[PDB]
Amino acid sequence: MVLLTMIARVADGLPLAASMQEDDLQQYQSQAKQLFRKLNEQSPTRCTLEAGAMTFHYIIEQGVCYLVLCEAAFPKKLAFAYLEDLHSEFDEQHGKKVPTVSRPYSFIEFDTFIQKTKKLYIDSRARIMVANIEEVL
């Protein structure tokens, strides 16, 4: 029930936007990047992977993948609500330019919304499919 959010273009796995705060990231970051590579026009549009103490929750819309990591104990119900929120915002904001960019993180500035939206889900005072990530990878 913590953080790690990445938004990437499905086709090439091109990173579009992310957000992380520590005070490790290294491992789960690679796996996440692994997933993006693997994901394609045939992959499931909504999925939840099991990676031990952690649990990935992603959704795919308009050739873009919205990923999020967190402690398994975290509500899978909330995880996807969080992604949908991000999607609509992103799609509405950059949905049409997404397929033309070529630089990584061309939307780093989406950083802001991601984090303001993030707190609205990591604090009880505000209120598919499953597979062990290990497999896919």
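For every residue, the number given is its place in the sequence shown, counted from 1.
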ask   = What number of deposited residues lacks coordinates in the span between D23 and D24: none, 1 to 3, 4 to 9, or 10 or more?
value = 4 to 9
remark   = Gap between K116 and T117, counted in deposited residues with no coordinates, falls in the class none
note = Looking only at C-alpha temperature factors in the entry, 48-56 or 80-88, the higher average sits in 48-56
ask   = Once you work out the mean C-alpha B-factor for both 5-13 and 117-125 from the entry, which is higher?
value = 117-125
task = From the list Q42, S106, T100, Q93, select the residue with the highest C-alpha B factor recorded in the entry.
result = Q93
query = Mind checking which third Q27 falls in for C-alpha B-factor across the chain?
reply = highest
